[PDB]
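Pasting run-v2.cif here (mmCIF, C-alpha atoms and all ligand atoms):
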data_final
#
loop_
_atom_site.group_PDB
_atom_site.id
_atom_site.type_symbol
_atom_site.label_atom_id
_atom_site.label_comp_id
_atom_site.auth_asym_id
_atom_site.auth_seq_id
_atom_site.Cartn_x
_atom_site.Cartn_y
_atom_site.Cartn_z
ATOM 1 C CA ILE A 392 22.666 14.015 -67.038
ATOM 2 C CA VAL A 393 21.526 14.246 -63.387
ATOM 3 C CA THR A 394 19.702 11.322 -61.715
ATOM 4 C CA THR A 395 17.509 12.214 -58.704
ATOM 5 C CA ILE A 396 14.395 11.117 -56.749
ATOM 6 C CA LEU A 397 11.286 13.116 -55.748
ATOM 7 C CA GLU A 398 10.861 13.476 -51.960
ATOM 8 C CA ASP A 399 9.799 16.621 -50.044
ATOM 9 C CA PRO A 400 11.974 19.811 -50.088
ATOM 10 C CA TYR A 401 14.963 18.323 -51.989
ATOM 11 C CA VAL A 402 13.140 17.939 -55.334
ATOM 12 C CA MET A 403 9.499 18.763 -56.167
ATOM 13 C CA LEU A 404 7.893 19.840 -59.478
ATOM 14 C CA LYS A 405 7.271 23.586 -59.971
ATOM 15 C CA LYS A 406 3.848 25.289 -59.836
ATOM 16 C CA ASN A 407 2.131 25.039 -63.249
ATOM 17 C CA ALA A 408 4.488 22.290 -64.494
ATOM 18 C CA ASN A 409 2.395 22.096 -67.709
ATOM 19 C CA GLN A 410 3.816 25.517 -68.723
ATOM 20 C CA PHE A 411 7.474 24.642 -67.990
ATOM 21 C CA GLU A 412 10.459 23.358 -70.018
ATOM 22 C CA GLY A 413 13.648 21.597 -68.854
ATOM 23 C CA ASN A 414 15.298 22.614 -65.564
ATOM 24 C CA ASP A 415 12.527 25.195 -64.893
ATOM 25 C CA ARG A 416 10.104 22.279 -64.249
ATOM 26 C CA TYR A 417 11.614 21.523 -60.791
ATOM 27 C CA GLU A 418 12.327 23.392 -57.520
ATOM 28 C CA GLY A 419 13.945 22.536 -54.155
ATOM 29 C CA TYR A 420 17.198 22.149 -52.189
ATOM 30 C CA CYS A 421 19.127 19.682 -54.414
ATOM 31 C CA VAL A 422 18.021 21.820 -57.407
ATOM 32 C CA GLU A 423 20.142 24.700 -56.021
ATOM 33 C CA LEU A 424 23.033 22.337 -55.099
ATOM 34 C CA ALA A 425 23.118 21.032 -58.709
ATOM 35 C CA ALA A 426 23.270 24.670 -59.926
ATOM 36 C CA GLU A 427 26.232 25.602 -57.668
ATOM 37 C CA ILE A 428 28.552 22.657 -58.506
ATOM 38 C CA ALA A 429 27.877 22.801 -62.290
ATOM 39 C CA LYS A 430 29.321 26.359 -62.278
ATOM 40 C CA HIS A 431 32.379 25.608 -60.078
ATOM 41 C CA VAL A 432 33.422 22.462 -62.025
ATOM 42 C CA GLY A 433 32.201 23.793 -65.406
ATOM 43 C CA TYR A 434 29.629 21.728 -67.321
ATOM 44 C CA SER A 435 25.975 22.202 -68.364
ATOM 45 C CA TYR A 436 23.464 19.625 -67.066
ATOM 46 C CA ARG A 437 19.936 18.243 -67.592
ATOM 47 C CA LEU A 438 17.772 17.088 -64.649
ATOM 48 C CA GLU A 439 15.969 13.716 -64.913
ATOM 49 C CA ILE A 440 13.797 11.811 -62.394
ATOM 50 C CA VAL A 441 14.589 8.139 -61.619
ATOM 51 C CA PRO B 741 36.639 18.557 -59.019
ATOM 52 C CA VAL B 742 33.267 17.626 -57.405
ATOM 53 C CA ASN B 743 34.677 16.326 -54.071
ATOM 54 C CA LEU B 744 36.741 19.530 -53.615
ATOM 55 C CA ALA B 745 33.777 21.717 -54.720
ATOM 56 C CA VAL B 746 31.665 20.149 -51.918
ATOM 57 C CA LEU B 747 34.418 21.175 -49.439
ATOM 58 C CA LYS B 748 34.560 24.650 -51.076
ATOM 59 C CA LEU B 749 30.792 25.137 -50.493
ATOM 60 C CA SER B 750 30.811 23.909 -46.859
ATOM 61 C CA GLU B 751 33.831 25.854 -45.518
ATOM 62 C CA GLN B 752 32.764 29.217 -47.030
ATOM 63 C CA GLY B 753 29.145 28.583 -45.909
ATOM 64 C CA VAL B 754 26.940 28.039 -48.980
ATOM 65 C CA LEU B 755 25.105 24.909 -47.702
ATOM 66 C CA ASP B 756 24.342 26.501 -44.300
ATOM 67 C CA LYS B 757 22.631 29.565 -45.874
ATOM 68 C CA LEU B 758 20.737 27.308 -48.331
ATOM 69 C CA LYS B 759 19.573 24.920 -45.557
ATOM 70 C CA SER B 760 18.276 27.967 -43.609
ATOM 71 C CA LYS B 761 16.133 29.042 -46.605
ATOM 72 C CA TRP B 762 14.124 25.909 -47.507
ATOM 73 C CA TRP B 763 13.533 24.779 -43.880
ATOM 74 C CA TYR B 764 12.888 28.024 -41.937
ATOM 75 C CA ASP B 765 12.545 30.941 -44.418
ATOM 76 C CA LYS B 766 10.121 28.797 -46.473
ATOM 77 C CA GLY B 767 8.232 27.655 -43.338
ATOM 78 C CA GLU B 768 4.705 27.993 -41.909
ATOM 79 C CA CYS B 769 5.345 27.576 -38.146
ATOM 80 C CA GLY B 770 7.043 29.870 -35.594
ATOM 81 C CA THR B 780 9.578 32.889 -14.397
ATOM 82 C CA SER B 781 7.461 30.318 -12.493
ATOM 83 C CA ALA B 782 5.378 32.265 -9.946
ATOM 84 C CA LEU B 783 1.578 32.162 -9.460
ATOM 85 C CA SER B 784 -0.110 33.615 -12.581
ATOM 86 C CA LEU B 785 -2.905 36.230 -12.711
ATOM 87 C CA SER B 786 -5.210 33.792 -14.581
ATOM 88 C CA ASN B 787 -5.324 31.346 -11.623
ATOM 89 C CA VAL B 788 -6.781 34.081 -9.332
ATOM 90 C CA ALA B 789 -8.576 36.038 -12.142
ATOM 91 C CA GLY B 790 -11.895 34.306 -11.265
ATOM 92 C CA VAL C 396 54.905 3.817 -38.461
ATOM 93 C CA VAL C 397 51.800 5.378 -36.835
ATOM 94 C CA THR C 398 52.041 9.154 -36.206
ATOM 95 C CA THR C 399 49.758 10.612 -33.493
ATOM 96 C CA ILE C 400 49.651 13.702 -31.232
ATOM 97 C CA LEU C 401 49.343 14.326 -27.468
ATOM 98 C CA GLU C 402 45.806 15.338 -26.405
ATOM 99 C CA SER C 403 43.876 15.409 -23.102
ATOM 100 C CA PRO C 404 41.253 12.677 -23.868
ATOM 101 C CA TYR C 405 42.775 10.943 -26.942
ATOM 102 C CA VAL C 406 46.442 10.028 -26.239
ATOM 103 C CA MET C 407 47.370 9.913 -22.519
ATOM 104 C CA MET C 408 50.674 8.725 -20.990
ATOM 105 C CA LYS C 409 50.024 6.045 -18.327
ATOM 106 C CA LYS C 410 51.423 6.090 -14.765
ATOM 107 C CA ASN C 411 54.693 4.140 -14.333
ATOM 108 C CA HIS C 412 55.699 4.722 -17.984
ATOM 109 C CA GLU C 413 59.377 4.036 -17.125
ATOM 110 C CA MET C 414 58.495 0.508 -15.882
ATOM 111 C CA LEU C 415 56.515 -0.285 -19.086
ATOM 112 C CA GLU C 416 58.391 0.174 -22.401
ATOM 113 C CA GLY C 417 56.471 -0.074 -25.711
ATOM 114 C CA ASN C 418 52.722 0.386 -26.306
ATOM 115 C CA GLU C 419 51.916 0.093 -22.555
ATOM 116 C CA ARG C 420 53.271 3.654 -22.064
ATOM 117 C CA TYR C 421 50.060 5.194 -23.507
ATOM 118 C CA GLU C 422 46.299 4.575 -23.111
ATOM 119 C CA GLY C 423 43.225 6.256 -24.666
ATOM 120 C CA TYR C 424 40.561 6.271 -27.407
ATOM 121 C CA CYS C 425 42.975 6.915 -30.303
ATOM 122 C CA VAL C 426 45.178 3.940 -29.272
ATOM 123 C CA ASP C 427 42.241 1.472 -29.410
ATOM 124 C CA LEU C 428 41.012 3.050 -32.689
ATOM 125 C CA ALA C 429 44.340 2.052 -34.322
ATOM 126 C CA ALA C 430 43.931 -1.530 -33.004
ATOM 127 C CA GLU C 431 40.437 -1.686 -34.590
ATOM 128 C CA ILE C 432 41.981 -0.549 -37.919
ATOM 129 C CA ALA C 433 44.754 -3.206 -37.780
ATOM 130 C CA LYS C 434 42.108 -5.902 -37.081
ATOM 131 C CA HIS C 435 41.189 -5.849 -40.815
ATOM 132 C CA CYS C 436 44.533 -4.445 -42.106
ATOM 133 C CA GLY C 437 47.850 -6.334 -42.422
ATOM 134 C CA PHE C 438 50.187 -3.794 -40.792
ATOM 135 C CA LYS C 439 52.503 -3.662 -37.745
ATOM 136 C CA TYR C 440 51.900 -0.561 -35.581
ATOM 137 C CA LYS C 441 54.492 1.324 -33.489
ATOM 138 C CA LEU C 442 53.250 4.188 -31.265
ATOM 139 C CA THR C 443 55.426 7.063 -32.557
ATOM 140 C CA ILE C 444 54.840 10.609 -31.234
ATOM 141 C CA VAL C 445 55.399 13.582 -33.591
ATOM 142 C CA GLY C 446 58.404 15.659 -32.449
ATOM 143 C CA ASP C 447 57.175 19.143 -33.443
ATOM 144 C CA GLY C 448 53.955 18.979 -31.386
ATOM 145 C CA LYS C 449 51.881 20.425 -34.240
ATOM 146 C CA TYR C 450 48.918 19.269 -36.363
ATOM 147 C CA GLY C 451 50.071 20.725 -39.712
ATOM 148 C CA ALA C 452 50.099 24.154 -41.380
ATOM 149 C CA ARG C 453 52.179 25.542 -44.276
ATOM 150 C CA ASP C 454 53.999 28.721 -43.156
ATOM 151 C CA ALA C 455 53.688 31.926 -45.225
ATOM 152 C CA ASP C 456 57.458 32.579 -45.473
ATOM 153 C CA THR C 457 58.847 29.023 -45.842
ATOM 154 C CA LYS C 458 55.935 27.528 -47.860
ATOM 155 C CA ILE C 459 56.583 24.116 -46.238
ATOM 156 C CA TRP C 460 54.450 21.808 -44.049
ATOM 157 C CA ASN C 461 55.201 20.712 -40.454
ATOM 158 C CA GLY C 462 54.231 17.990 -37.951
ATOM 159 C CA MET C 463 52.089 14.966 -38.874
ATOM 160 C CA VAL C 464 51.040 16.607 -42.183
ATOM 161 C CA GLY C 465 54.696 17.506 -42.935
ATOM 162 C CA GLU C 466 55.814 13.908 -42.272
ATOM 163 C CA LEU C 467 53.116 12.594 -44.673
ATOM 164 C CA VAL C 468 53.925 14.714 -47.775
ATOM 165 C CA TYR C 469 57.759 14.533 -47.493
ATOM 166 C CA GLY C 470 57.473 10.735 -47.014
ATOM 167 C CA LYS C 471 58.370 9.743 -43.442
ATOM 168 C CA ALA C 472 55.044 8.797 -41.780
ATOM 169 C CA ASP C 473 52.918 5.899 -43.120
ATOM 170 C CA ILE C 474 49.536 6.385 -41.364
ATOM 171 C CA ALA C 475 47.990 9.090 -39.131
ATOM 172 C CA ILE C 476 45.227 8.210 -36.625
ATOM 173 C CA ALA C 477 44.751 11.412 -34.584
ATOM 174 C CA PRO C 478 42.146 14.195 -34.026
ATOM 175 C CA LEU C 479 42.813 16.002 -37.346
ATOM 176 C CA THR C 480 40.204 18.275 -38.987
ATOM 177 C CA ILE C 481 39.526 17.619 -42.699
ATOM 178 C CA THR C 482 39.788 20.949 -44.579
ATOM 179 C CA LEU C 483 40.122 22.130 -48.209
ATOM 180 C CA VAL C 484 43.906 22.682 -48.421
ATOM 181 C CA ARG C 485 44.760 19.324 -46.746
ATOM 182 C CA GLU C 486 42.791 17.376 -49.410
ATOM 183 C CA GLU C 487 44.959 18.948 -52.165
ATOM 184 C CA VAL C 488 48.167 17.469 -50.636
ATOM 185 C CA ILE C 489 47.080 14.235 -48.827
ATOM 186 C CA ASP C 490 44.095 11.868 -49.178
ATOM 187 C CA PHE C 491 41.639 11.510 -46.259
ATOM 188 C CA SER C 492 39.350 8.662 -45.120
ATOM 189 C CA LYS C 493 35.624 8.893 -44.256
ATOM 190 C CA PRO C 494 34.618 10.620 -40.953
HETATM 191 N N1 LIG D 1 42.654 21.209 -28.437
HETATM 192 S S1 LIG D 1 41.469 21.916 -29.079
HETATM 193 O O1 LIG D 1 41.102 23.050 -28.200
HETATM 194 O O2 LIG D 1 40.289 21.025 -29.147
HETATM 195 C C1 LIG D 1 41.877 22.434 -30.548
HETATM 196 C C2 LIG D 1 41.942 23.825 -30.684
HETATM 197 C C3 LIG D 1 42.282 24.421 -31.887
HETATM 198 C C4 LIG D 1 42.567 23.631 -32.983
HETATM 199 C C5 LIG D 1 42.515 22.239 -32.887
HETATM 200 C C6 LIG D 1 42.171 21.606 -31.670
HETATM 201 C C7 LIG D 1 42.145 20.188 -31.670
HETATM 202 N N2 LIG D 1 41.831 19.373 -30.575
HETATM 203 O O3 LIG D 1 40.509 19.009 -30.335
HETATM 204 O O4 LIG D 1 42.844 18.888 -29.753
HETATM 205 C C8 LIG D 1 42.447 19.470 -32.827
HETATM 206 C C9 LIG D 1 42.782 20.110 -34.008
HETATM 207 N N3 LIG D 1 43.068 19.373 -35.109
HETATM 208 C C10 LIG D 1 43.399 19.980 -36.270
HETATM 209 O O5 LIG D 1 43.663 19.307 -37.290
HETATM 210 C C11 LIG D 1 43.436 21.463 -36.314
HETATM 211 O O6 LIG D 1 43.736 22.065 -37.368
HETATM 212 N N4 LIG D 1 43.142 22.148 -35.190
HETATM 213 C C12 LIG D 1 42.816 21.504 -34.040
#
Will you turn the file into structure tokens for me?
Ligand SMILES: NS(=O)(=O)c1cccc2c1c([N+](=O)[O-])cc1[nH]c(=O)c(=O)[nH]c12
Amino acid sequence: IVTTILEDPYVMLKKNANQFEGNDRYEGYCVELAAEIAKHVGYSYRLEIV
Amino acid sequence: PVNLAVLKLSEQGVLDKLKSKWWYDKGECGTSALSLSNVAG
Amino acid sequence: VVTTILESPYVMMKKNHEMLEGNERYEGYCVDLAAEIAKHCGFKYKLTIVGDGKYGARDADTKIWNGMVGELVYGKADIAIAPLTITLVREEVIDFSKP
């Protein structure tokens, strides 16, 4: 599980968040950073706001 | 594995490309003689 | 034992170094940085210069480290306060502090 906070270009909810499920409900910088490390280390994750 | 992965991203240049995208690529902004405009009148 | 390296602005040899034996032989930023570290640490420091005159890189043929890095892994040096860049391969062999 990933803990994060919403602030500007790091993490912000995606356009039409009503029609979204899971990790495809967020977009930003830290979103892409979370994606890169999860692959290199090797574990699936789930994003959650504080 | 995370600490070393961070160093793996930085040295190769993953962060630097990613920082260029969200700031600039996804952005909405962007001789000292007598000029012609001063005399134009 | 405190291993360092000779640089232009960091570790300078003072004038009249023959007339001053010990820690008075050198003066710079990196000398005072060690004193700040030993203000909150219980350790006795001796200004020891590395003999090779190298930072540290494992050769292709030998596959063995040299200099301040070489002294750390093989177990000779205790602490290293010097202008040393923190890279990927160094972290695999020796632990580094915060920048
Ligand atoms: N003298 S220099 O022109 O600036 C310089 C040039 C090239 C490599 C350097 C280096 C310095 N340095 O600042 O003395 C420190 C340092 N430390 C390391 O750990 C390393 O791998 N390479 C270096």
**Prompt:** Which protein, DNA or RNA residues have an atom within 6 Å of ligand LIG 1 (chain D), counting all atoms listed in the file, as a PyMOL selection string?
**Reply:** chain C and resi 402+450+478-480
For the structure provided, state which residues fall under the PyMOL selection byres (((chain A and resi 440) around 6) and not hetatm), and present them as a PDB file with C-alpha atoms, in the frame of the given file.
ATOM      1  CA  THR A 394      19.702  11.322 -61.715  1.00  0.00           C
ATOM      2  CA  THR A 395      17.509  12.214 -58.704  1.00  0.00           C
ATOM      3  CA  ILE A 396      14.395  11.117 -56.749  1.00  0.00           C
ATOM      4  CA  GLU A 439      15.969  13.716 -64.913  1.00  0.00           C
ATOM      5  CA  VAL A 441      14.589   8.139 -61.619  1.00  0.00           C
TER       6      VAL A 441
END
**Message:** Please expand the PyMOL selection byres (((chain A and resi 438) around 12) and not hetatm) into the concrete residues it hits in this file, giving the result as a list in words.
**Reply:**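 Expected selection for the PyMOL selection byres (((chain A and resi 438) around 12) and not hetatm) here is residues 392, 393, 394, 395, 396, 397, 402, 403, 404, 412, 413, 414, 415, 416, 417, 418, 421, 422, 423, 425, 426, 429, 435, 436, 437, 439, 440 and 441 of chain A.
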**Asked** Hey, what's within 12 Å of residue B:759 if we count all atoms listed in the file and toss same-chain stuff fewer than 5 positions away? As an NGL selection string, please?
**Response** (:A and (400-401 or 419-421 or 423-424)) or (:B and (750 or 753-754 or 764-767))
Same residues, C-alpha atoms, output as a short mmCIF file (atom, residue, chain, number, x, y, z; two decimals), in the coordinates of the input:
data_model
loop_
_atom_site.label_atom_id
_atom_site.label_comp_id
_atom_site.auth_asym_id
_atom_site.auth_seq_id
_atom_site.Cartn_x
_atom_site.Cartn_y
_atom_site.Cartn_z
CA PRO A 400 11.97 19.81 -50.09
CA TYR A 401 14.96 18.32 -51.99
CA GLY A 419 13.94 22.54 -54.16
CA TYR A 420 17.20 22.15 -52.19
CA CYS A 421 19.13 19.68 -54.41
CA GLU A 423 20.14 24.70 -56.02
CA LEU A 424 23.03 22.34 -55.10
CA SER B 750 30.81 23.91 -46.86
CA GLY B 753 29.14 28.58 -45.91
CA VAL B 754 26.94 28.04 -48.98
CA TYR B 764 12.89 28.02 -41.94
CA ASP B 765 12.54 30.94 -44.42
CA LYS B 766 10.12 28.80 -46.47
CA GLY B 767 8.23 27.66 -43.34
#
**Message:** Near chain B, meaning an atom within 10 Å, which residues of chain C appear when counting all atoms listed in the file? Write them as a ChimeraX atom specification.
**Reply:** /C:481-484,486-487
**Request:** Determine the residue set returned by the PyMOL selection byres (((chain C and resi 453) around 12) and not hetatm) for the present structure, and present it as a VMD selection string.
**Result:** chain C and resid 449 to 452 454 to 465 468 484 to 485 488
Generate N, CA, C and O atoms for stretch 424-435 of chain A and emit them as a short mmCIF file (atom, residue, chain, number, x, y, z; two decimals), in the coordinates of the input.
data_model
loop_
_atom_site.label_atom_id
_atom_site.label_comp_id
_atom_site.auth_asym_id
_atom_site.auth_seq_id
_atom_site.Cartn_x
_atom_site.Cartn_y
_atom_site.Cartn_z
N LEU A 424 21.73 22.99 -55.28
CA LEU A 424 23.03 22.34 -55.10
C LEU A 424 23.61 21.94 -56.46
O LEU A 424 24.81 22.09 -56.70
N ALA A 425 22.75 21.43 -57.35
CA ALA A 425 23.12 21.03 -58.71
C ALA A 425 23.59 22.25 -59.51
O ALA A 425 24.49 22.14 -60.35
N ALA A 426 22.97 23.41 -59.24
CA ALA A 426 23.27 24.67 -59.93
C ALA A 426 24.66 25.20 -59.53
O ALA A 426 25.38 25.74 -60.36
N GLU A 427 25.01 25.03 -58.25
CA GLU A 427 26.23 25.60 -57.67
C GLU A 427 27.48 24.86 -58.18
O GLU A 427 28.47 25.49 -58.54
N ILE A 428 27.41 23.52 -58.20
CA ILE A 428 28.55 22.66 -58.51
C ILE A 428 28.84 22.69 -60.02
O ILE A 428 30.00 22.64 -60.42
N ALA A 429 27.78 22.78 -60.83
CA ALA A 429 27.88 22.80 -62.29
C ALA A 429 28.69 24.02 -62.76
O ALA A 429 29.36 23.96 -63.79
N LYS A 430 28.62 25.11 -61.98
CA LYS A 430 29.32 26.36 -62.28
C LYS A 430 30.80 26.25 -61.86
O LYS A 430 31.68 26.70 -62.59
N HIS A 431 31.04 25.67 -60.68
CA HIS A 431 32.38 25.61 -60.08
C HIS A 431 33.27 24.62 -60.85
O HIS A 431 34.46 24.90 -61.05
N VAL A 432 32.70 23.49 -61.27
CA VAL A 432 33.42 22.46 -62.02
C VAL A 432 33.48 22.89 -63.50
O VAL A 432 34.56 22.92 -64.09
N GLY A 433 32.31 23.20 -64.07
CA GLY A 433 32.20 23.79 -65.41
C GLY A 433 31.66 22.81 -66.43
O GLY A 433 32.39 22.36 -67.31
N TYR A 434 30.36 22.49 -66.31
CA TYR A 434 29.63 21.73 -67.32
C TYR A 434 28.12 21.98 -67.17
O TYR A 434 27.61 22.08 -66.06
N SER A 435 27.43 22.07 -68.31
CA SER A 435 25.98 22.20 -68.36
C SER A 435 25.33 20.83 -68.11
O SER A 435 25.92 19.80 -68.45
#
